[PDB]
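# Chain and residue survey
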Amino acid sequence: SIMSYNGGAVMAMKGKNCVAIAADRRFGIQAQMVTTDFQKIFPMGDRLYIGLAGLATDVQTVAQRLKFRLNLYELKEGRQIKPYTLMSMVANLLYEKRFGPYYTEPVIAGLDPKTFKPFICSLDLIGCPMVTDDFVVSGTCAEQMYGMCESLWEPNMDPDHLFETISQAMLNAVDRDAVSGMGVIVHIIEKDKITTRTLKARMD
Amino acid sequence: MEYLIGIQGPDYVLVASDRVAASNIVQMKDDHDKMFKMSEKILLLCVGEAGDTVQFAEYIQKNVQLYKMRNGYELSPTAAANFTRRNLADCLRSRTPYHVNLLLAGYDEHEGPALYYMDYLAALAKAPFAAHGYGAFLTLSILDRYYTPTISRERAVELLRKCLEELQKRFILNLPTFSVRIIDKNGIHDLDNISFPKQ
Amino acid sequence: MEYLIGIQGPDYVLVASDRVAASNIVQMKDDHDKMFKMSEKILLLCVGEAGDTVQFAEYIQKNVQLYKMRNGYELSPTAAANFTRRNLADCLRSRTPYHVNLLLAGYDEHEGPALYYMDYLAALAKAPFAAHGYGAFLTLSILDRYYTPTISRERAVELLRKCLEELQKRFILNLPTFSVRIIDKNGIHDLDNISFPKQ
Amino acid sequence: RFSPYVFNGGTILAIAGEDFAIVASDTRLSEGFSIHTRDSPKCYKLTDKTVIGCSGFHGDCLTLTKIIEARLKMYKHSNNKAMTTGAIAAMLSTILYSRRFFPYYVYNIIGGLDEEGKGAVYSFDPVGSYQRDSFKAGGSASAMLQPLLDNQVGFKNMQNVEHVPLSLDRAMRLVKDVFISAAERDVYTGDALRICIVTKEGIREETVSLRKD
Amino acid sequence: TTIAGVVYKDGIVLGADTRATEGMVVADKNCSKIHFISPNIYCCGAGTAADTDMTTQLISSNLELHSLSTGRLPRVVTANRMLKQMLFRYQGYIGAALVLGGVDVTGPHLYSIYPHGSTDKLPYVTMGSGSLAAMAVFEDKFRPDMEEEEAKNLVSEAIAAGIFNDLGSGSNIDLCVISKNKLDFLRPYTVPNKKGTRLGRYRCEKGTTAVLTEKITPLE
Amino acid sequence: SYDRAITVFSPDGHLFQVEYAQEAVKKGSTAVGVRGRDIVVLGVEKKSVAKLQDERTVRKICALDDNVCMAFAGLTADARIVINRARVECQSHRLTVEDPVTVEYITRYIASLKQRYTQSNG
Amino acid sequence: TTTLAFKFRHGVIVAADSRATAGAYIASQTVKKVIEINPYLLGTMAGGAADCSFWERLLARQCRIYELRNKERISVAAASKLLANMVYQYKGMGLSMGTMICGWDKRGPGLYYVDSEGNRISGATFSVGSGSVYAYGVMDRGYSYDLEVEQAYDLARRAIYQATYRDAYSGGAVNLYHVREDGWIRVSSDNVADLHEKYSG
Amino acid sequence: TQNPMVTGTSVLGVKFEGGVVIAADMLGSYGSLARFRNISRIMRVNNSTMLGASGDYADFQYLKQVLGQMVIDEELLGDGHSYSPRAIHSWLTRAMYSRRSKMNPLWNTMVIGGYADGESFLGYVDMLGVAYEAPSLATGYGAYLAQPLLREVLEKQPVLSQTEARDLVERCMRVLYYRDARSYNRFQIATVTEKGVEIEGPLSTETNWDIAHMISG
Amino acid sequence: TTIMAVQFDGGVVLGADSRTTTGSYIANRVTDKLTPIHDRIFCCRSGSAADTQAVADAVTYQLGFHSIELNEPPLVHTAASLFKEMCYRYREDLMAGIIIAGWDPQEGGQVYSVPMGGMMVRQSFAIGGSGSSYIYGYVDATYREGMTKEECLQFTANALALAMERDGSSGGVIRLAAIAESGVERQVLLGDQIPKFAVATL
Amino acid sequence: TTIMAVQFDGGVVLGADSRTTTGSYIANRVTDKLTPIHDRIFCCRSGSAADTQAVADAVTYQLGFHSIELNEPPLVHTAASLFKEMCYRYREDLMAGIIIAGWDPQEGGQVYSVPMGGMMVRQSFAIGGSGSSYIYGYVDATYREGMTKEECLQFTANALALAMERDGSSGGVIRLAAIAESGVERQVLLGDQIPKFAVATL
């Protein structure tokens, strides 16, 4: 498959007044790993991140064109973008290529810049949006991530517990996938700060 | 089949490539150069399809030179790498895609030495060391085994020699000679060719 | 990929083969022997598919040895060649055909030195000199250019060296070492290996 | 043309403890997008110390099951004893490999007791490659169950946590939890869950309800 | 996916399930499959999700323009025409299967619209992987000129049939009731499916995850 | 095919056909063999020296392989059969196993062959 | 899968990873890829697990029968030849098998590569599997016939490890056996996560 | 059979109190052609079991022949033993799996109903050897149309009378006649009780077409 | 699908079944396959539902504009020619078998066939669709020059009943429509109104 | 090919066209498709000529030996069963549509169909072959219980005429054969003897 060509995993998780997004760090070509510091999570404003898994080229390209349109948005209007709006923007961007799609399944995680209400979503390769109140996943180890997230996720979690949960989910899901891993990175974001961590992970 | 390799040190980038131009079962050229000067401090190592390599590489080259002539200053290795990556990515879903794998070595006055890896799908990845081709499968591990971020250029050349010797030992393809260049603060310097006097 | 070569002189047969056992992109063995002793004065150079070569060659070998033990005298190179050709031809349209190309070198007390060429289709052809493999395409002409029926074994070895050097120069496959044997009135003699100290 | 295989779904789990073995499965038999039945468990009691779970193509499951039964009886007649768990594992390996060129589309997991009374799990591939495991999930939702079990039973990726052996109680609630999550995410897993517990006392069977969608 | 629609005495009842699957894995347990077209017109969507989304949104937009210009409430025939012509133009490459229902000056109207651009005007319709079950329910228990609660019960029964008999369907039931002077958008008219209560607490405590690198970034 | 028991038990528990075979051996030319340290020698008696006969064609000492030789006594034709079968097996041993042949191995093969002919129909 | 084996002065070192995949999914990380055929015969597992295990088990049976019949133990060459001949009859039928038969013999340390394709070659060093190319890189850079035992162990372990690093289908644990004249000994079974901390820092 | 020719569509079955009822239309279709509109697709197999078949009719006739011979062969002995429904089901399973494994299948999907020892039996057998038991069964389009109705009833009232079952069956057959383009308005109902196997002759389904006049509005 | 059109003196008679299938499943058991193109011009549709609906709409549009621009009742031959143009120009992209029939003050009652190729021919009677195959003989042995309107009605009714009985892709209800200068008389034969034929017993 | 068989009181009536084609070319415009299996048992062939000829010969052989061994006139059902066995056992290698019909002192006049699958069913009337498709309706609306022999003759004649008119793989001449206890009465309808039907003009 095309999506499995580079592999990779991206997850987002809701908390109390916080939100989390994580991704593995491997960039490989089929069986061969090329790099272990590949960026799959991109800041799209303060307290609003997007996660892209799938074909590495389209990860980078979608990220870049997204930053393009986003910057134009934040210039024309005098405000940072709302999460729903970013989701609709990405959806539009992906559906423009309905018959020649980018091979990425984006995940959005952020807090409403006006309020603080956490928001998460995921999209098709052709931009079908899906919002949940618990978690979203995308990647070559989707079934694994589903398995972990359905068993670990509690509703009203505090930053520390959200962290531990999303970290354990990502680690244990990725460790049952050959083309995902070589490290994990987690952004846990709340109203006042953003914590970025790299997990101690297997490198095989 | 073609081999590229790059090793980044603290203040230099070492690059090497095979010198064989092959077709069918014969070597047609034994002094072929895979490298392309794009600035005073940037090298582009291009490999792959027959016409696509030179066409793409030279297009990029003349555009970088154009930037230099239009603005007075040169592109940074990063800006260059992202430029070639943008060009390669835009042609991907077009009628005329380019089957090229490439390395971009460079030295910036600010950010220092840089080594970029590019797949033919146009995925850009910065790395301390990289390689392209079948030979990579036999060489990367060696690098993994012996590379340290503070490696001297002398030790870098020695390591390179280890990889190429391994190629001489296990690889079924010939590859008797290797172009070797190095980039630093003073620009691109040509090193003596690593060769193995077969016949 | 595998290379065989045979050169017939007035009273000797010179044979040589590459020493590489390769799979995928790696050389797995570098001291592989393509030759099979079948009598005191017969060599069988077999090449081709993975299991078929050894299976076929050894079958033939044990049958020739069986003939020797059953009758007291050995088979002639001609009778041997036609025997292997018959076996190879009978299996051709069967469920289990053998993808083998082969040379048969020999010396008879009566008819003298002999060199036989066999296609995988089991076509038998006596020749003054022959070769198997991709390398043949680069070597045969050389032989054509420099072979005379009264060539000395010294000159034969020199010519062989010319062919192998050509292989080192144009062939994309590695092939650094070569088994060399010679058959005459006194039997099979092992000559020093023709090698090219790459690394 | 004609295909001799069809995927019938089903999830299967087995855990090995110090003095027990659990073999659990859902009870849904499905084909394509439909439900054939909601009462079709994938667990089969072989001996008083051994249970086998079979998932995949139902025809092969049935056939394989009956073959195993017949061959157990044969070993008994021939040796005047019952087959140990390991012996059943090995025999199964040969039975599966006899069809190397027309395989049983069956993922098998054996769970039971060895001759020391300790818990034993054997996992198989359709051609009889088999190994021994602490715990293994097979079937449609296997990829959902495996990583949690690697976490909660193997303590993988967990820092400063005591390595206490798995008790029967905890194992049971674990099985129930993973099947409950799987029933949420796998369209093939649901309707009901049958658990077979194997101890020196014999074989217990428990049934828990799962959602019917 | 199981979507259905029916025509009763005072208007129209639309029904849908809420499961969204990627392959044979449930991605969404609470997908909304009943789309706004106009204040008096709604549309259930099966098939390719993105295509139903964009098609339905586009038509909603064009219809808002239309009614804004006309100053009148949109007709269902209009929605049907726009949808079917757009879809025919794309020759089935837009995988939108739709149940379109609304109330006009001419009354209640229910169409089923196929991705190739064919439509059918019928008192009851079903679309999706679970459509045959729902259709069975309709063909067994449908009568003309039903009352509101009866119609809601029938539709919810059909959607339930789909939910429990189709692996593509599941979770909740959404209804949308449209009459000459009322609009009841019952999000979840029914939750016949529930996750079993957690027997365990797999809560991980702080420090159980080993960390290699940390970096705190203060905001504002 | 011919499926009749030739070799059977007698009331006293004897295999008569085997005994008669042994008599046939007892009517054979005398053959002796001795083992030394670095040499082994075998010698056969009456060569039926007709002098009008080519000795080479009537030798009772054959070689099975480069490693193993053999003498015999009894029915020369039967000996030819057993000898050639032994030769085939000597080569098949080299095929199936890289190593050559042990004396005990080929002896065991020949012995088993004879026994087989003492217990087979026809 | 990544397996390697090399012979030196003190016997035969055999090493393997332990990962087994079904597509991208990791089915197991506890696979015994070094097959104990005998107390004196080691095999390896690459390609199809079932094919290797079954056929080398059949090999073990045949070797035992050989030992009973001939009152001596089979040679490494005869064992490998036996296996190769058994496998050759199913050529073209789809058997996937790349194994290394390692032992100690009258000819000393023996090491044969046997293919499902038909190959059967003796040699000093071998590596089989999707990670073989990576293991060859370090093994060749470190190999010597005059290696010390601890040096040999470290070399094999490191080669398998680097292989696990680069190859997505290799990982789990590094298992290491040593074949000596008196039989083989199970040397080590280290986890990759441990080796990571040992090697990197 | 590699290519089925004349075929029959859905077969229905449902257990009730002290019995089992099976339904099937009397149509053999040649592709889309309703070619043979008066064939029985239900067989009486001894006194405690009965069989209905979807799929290739020729293969069904073959199975009918073999089974008939088996029953006769058994009843010749008169040893106070007879094939139970579960036994016929087992045998049929083994047969279908055997043919499947020879890559020469019997293109049938069969429903076996029976009553013996105070218990109702209902079994499904595939052409691949997929077999199982259930309180309700429906082959082909019945599996998509009739089965949701049957299950809906049986999960609100597991125990049915013969009349409730017969009514249910008639409604299901009606739905099939509405939505299955390869069915026929002429069917058989077979019932097993302790009194034996009864096969009721050609029955028609009443149909309603009022929705024909709901075009405009 | 089984469609049929018979011409009589004062006009024409149209008939169609009501079954629309997607495979063996009946997506609509009560389809309207008689489609008004103008006040006295109808078309019978067979083939792809999308194609025939689209084409019919387009032709209705064109013919409407045409008739307004001429200020005359449009010719049946004109509607038929429009269908012919569309169906021929896009013959590789359309799957449609059409029967255009109606009344016209200039040429009276007329029936035209526009089969899958895109050719056009006028006929005394026309049949089309999957089921038509089964009633060629009947319609050939039953037809008679100079039928009355009611005779043509009974005729099409019978033929369609037979076709629906035999064809699996045909069935449901019968839709009839008589067209003349008088106007359009549509009716529906369902259940027992549908003609039956003695089925073989012993 | 169009074959047909109708059962009446005293026996049966057989009819077939005479066209055998290889592509669009007519290799034989005067084929005999009514083949005697016994003194009062005939078969109508359709499908591969080689297959049907071979099978018919084999069945004739078997049935002959059988009837001699029983010393009784063979049952029609028996010949039909023989055809059924062959056609079912080799269903993947034969292309044959057979109609076995005849008279029998035990069960009287009977008609059995053995279509391509290898199933067997008794029918009041049976039709087969490519042309049969076009006369299903006619034969369904024209059939009537209790026809006389001559009525069945005229019946099959008409049906076959219609089929031959419509089907390209059918045509040539009509072959009829009545079978009863009396014996076998074969006749041939050619040219103008073949029933004609009023063809549409204006």
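In the PDB header, X-ray crystallography is given as the technique by which the entry was determined, and 2.6 Å as its resolution.

If you check the PDB entry, chain I appears there as Proteasome subunit beta type-6 from Homo sapiens. Listed in the archive, the entry goes by the title "Human Constitutive 20S Proteasome".

Going by the annotation in the PDB entry, the name recorded for chain G is Proteasome subunit beta type-5, with Homo sapiens given as the source organism. Looking at chain G in UniProt, the text filed under Catalytic activity is "Cleavage of peptide bonds with very broad specificity."

Of regular secondary structure, chain G possesses five helices and 12 strands. What you see for chain G is a C-alpha radius of gyration of 16 Å, in line with the 17 Å of a compact globule of 201 residues. In terms of overall dimensions, chain G has C-alpha extents of about 55 × 40 × 25 Å along its principal axes. Of the contacts formed within chain G by residues at least 6 apart in sequence, a portion of 60% connects residues at least 24 apart.

All names here are of chain G. Under the feature "active site", the UniProt entry names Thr1. Within the fold, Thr1 resides in the segment before strand 1 (3-8). Once residues lying within four places of it in the same chain are set aside, the contact partners of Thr1 are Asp17, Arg19, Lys33, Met45, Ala46, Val128, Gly129, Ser130, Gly131, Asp167, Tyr169 and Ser170.

Another point: the side chain of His109 of chain E. With respect to the element layout, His109 of chain E can be found in strand 8 (residues 108-113). A polar atom in the side chain of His109 of chain E sits 3.3 Å from the side chain of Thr106 of chain E. Not counting residues within four places of it along the chain, the set of residues in contact with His109 of chain E comprises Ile12, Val76, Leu100, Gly101, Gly102, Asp104 and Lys121 of chain E together with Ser216 and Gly217 of chain H.

Let's shift gears to the nonpolar core. Grouped together as the largest cluster of nonpolar side chains are 105 residues, with contacts concentrated most on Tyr3 of chain B, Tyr3 of chain C together with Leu4 and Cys102 of chain G. With eight residues, the single largest contributor to this core is helix 4 (residues 149-166) of chain G.

Okay, the interface of chain E and chain A next. Across the contact, 37 residues belong to chain E and 33 residues belong to chain A. At the level of secondary structure, the elements contributing two or more residues to the side of chain E that touches chain A comprise strand 4 (25-28), helix 1 (49-70) and strand 13 (211-218) of chain E. Considering each element in turn, the side of chain E that touches chain A owes the most residues, eight residues, to strand 13 of chain E. Per-class residue counts for the side of chain E that touches chain A are 17 nonpolar, seven polar and 13 charged. Relative to strand 13 of chain E, strand 12 (residues 193-199) of chain A runs antiparallel, the two sharing seven bridges. Paired with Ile194 of chain A across the two strands is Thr217 of chain E, which belongs to strand 13 of chain E.

Time to look at the sheet that holds strand 5 (residues 34-38) of chain I. Sheets are built from strands paired through backbone hydrogen bonds, the pairs being either parallel or antiparallel. Residues and elements named next belong to chain I. Strands sit in the order 5-6-7-8-9 across an open sheet of five strands; the sheet is antiparallel. At either margin of the open sheet sits one strand with a lone partner, and together these are strand 5 and strand 9 (121-122). The pairing of strand 6 (residues 41-47) with strand 7 (residues 96-102) spans seven bridges and is classified as antiparallel. Bridge assignment links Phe42 to a residue of strand 7, and that residue is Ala101. On the sheet, helix 1 (residues 49-70) packs against strand 5, strand 6 and strand 7 and is oriented at approximately 20° with respect to strand 5.

Another point: unusual backbone geometry. Its identity is not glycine, yet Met182 of chain A carries a phi of approximately 55°, on the positive side. Relative to the helices and strands, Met182 of chain A is located in the loop between helix 4 (159-174) and strand 11 (184-190). Classification of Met182 of chain A as buried rests on a relative accessible area of 7%. One non-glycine residue, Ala122 of chain C, adopts positive backbone phi at about 70°. Inspection of the secondary structure puts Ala122 of chain C in the loop between strand 8 (112-118) and strand 9 (124-126).

In this assembly, 16 residues from chain E lie in contact with 13 residues from chain I. There are two salt bridges connecting chain E and chain I. Between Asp57 of chain I and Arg81 of chain E there is a salt bridge, with its nearest N and O atoms 3.7 Å apart. One can count four residue pairs in polar contact joining chain E with chain I. Among the secondary structure elements, those contributing two or more residues to the side of chain E that touches chain I are helix 2 (76-89), strand 9 (119-121), strand 10 (124-127) and helix 3 (131-141) of chain E. Among the residues making up the side of chain E that touches chain I, the classes are represented as six nonpolar, six polar and four charged.

All names here are of chain C. Along the chain, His132 falls in strand 10 (residues 129-132). Taking the relative accessible area as the measure of exposure, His132 reaches 3% and is therefore buried. Side chain to side chain, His132 and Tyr117 meet in a polar contact 3.4 Å long. Sequence-distant contacts of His132, that is, excluding residues within four places in its chain, are made with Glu2, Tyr3, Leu4, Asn101, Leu102, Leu103, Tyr117 and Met118.

Geometrically, a packed helix pair is captured by the angle between its two axes and the distance between the axes. Remark: helix 1 (residues 52-71) of chain C packs on helix 2 (residues 76-96) of chain F, axes separated minimally by 10 Å, with the N-to-C direction vectors making an angle of 150°. In terms of orientation, helix 1 of chain C and helix 2 of chain F fall into the roughly antiparallel class. As helix 1 of chain C runs across helix 2 of chain F, the sense of the crossing is right-handed. Only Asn84, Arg87, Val88, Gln91, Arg94 and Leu95 of chain F of helix 2 of chain F make contact with helix 1 of chain C, whose side of the interface consists of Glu58, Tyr59, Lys62, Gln65, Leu66, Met69 and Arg70 of chain C. Classifying every residue of the contact of helix 1 of chain C with helix 2 of chain F gives five nonpolar, three polar and five charged.

The next point concerns the UniProt feature "active site" in chain I. Residues and elements named next belong to chain I. The UniProt feature table records "active site" at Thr1. Considering the arrangement of structural elements, one finds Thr1 in the segment before strand 1 (3-7). Classification of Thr1 by relative accessible area gives buried; the value is 16%. If near-sequence neighbours (up to four positions away) are discounted, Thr1 is found in contact with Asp17, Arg19, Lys33, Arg45, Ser46, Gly128, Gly129, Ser130, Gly131, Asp167, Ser169 and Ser170. A distance of 2.7 Å separates a polar atom in the side chain of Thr1 from a polar atom in the side chain of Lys33.

Let's shift gears to the pairing of strand 7 (residues 49-56) of chain H. All names here are of chain H. Most of strand 7 sits inside the fold, with eight of its eight residues counted as buried. In this sheet, strand 7 lies alongside strand 1 (residues 6-8) in antiparallel orientation, the contact comprising two bridges. Paired with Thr7 across the two strands is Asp56, which belongs to strand 7. Sheet topology places strand 7 next to strand 8 (residues 108-116); seven bridges connect them, and they run antiparallel. Looking across to strand 8, one finds that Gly55 is bridged to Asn108.

With that settled, the discussion passes to the sheet that holds strand 1 (residues 11-16) of chain D. Residues and elements named next belong to chain D. Sheet architecture is open: five strands sit in the order 10-1-2-11-12, paired in antiparallel fashion. Edge positions in the sheet fall to strand 10 (135-139) and strand 12 (202-209), since each of these pairs with one other strand and no more. Between one strand axis and the next, the sheet turns by 15° as a mean value, whatever way the strands run. As judged from the five bridges shared by strand 1 and strand 10, these two strands associate in the antiparallel manner. Within strand 10, the residue paired with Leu13 across the bridge is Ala137.

Definitions and cut-offs
Residues numbered from 1 in each chain as written, not as in the entry; some residues may be left out. Chains lettered and ligands numbered in written order. Part of a larger assembly, values for the part shown. Heavy atoms only, no water. Residues with missing side-chain atoms left out of burial classes, pairs and counts. UniProt positions renumbered as here; feature names shortened; annotations may be inferred. Helix = DSSP H or I, 4+ residues; strand = E, 2+ residues; numbered from the N terminus. Rg over C-alpha atoms; globule rule 2.2 N^0.38 Å. Contact = heavy atoms within 4.5 Å. Polar contact = N/O pair within 3.5 Å; in protein donor to acceptor, adjacent residues only side chain to side chain. Core = buried A, V, L, I, M, F, W, Y, C linked by side-chain atoms within 4.5 Å. Buried < 20%, exposed > 50% of the residue type's maximum accessible area, 1.4 Å probe, protein only. Nonpolar A, V, L, I, M, F, W, Y, C, P; charged D, E, K, R; others polar. Pairing = 2+ DSSP bridges. Axes fitted to C-alpha atoms, helices over the stretch in contact; angles between N-to-C directions. Salt bridge = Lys/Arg side-chain N within 4 Å of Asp/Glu carboxyl O. Parallel < 35°, antiparallel > 145°, perpendicular 65-115°, else oblique. Left-handed = near helix turned anticlockwise from the far one by under 90°.

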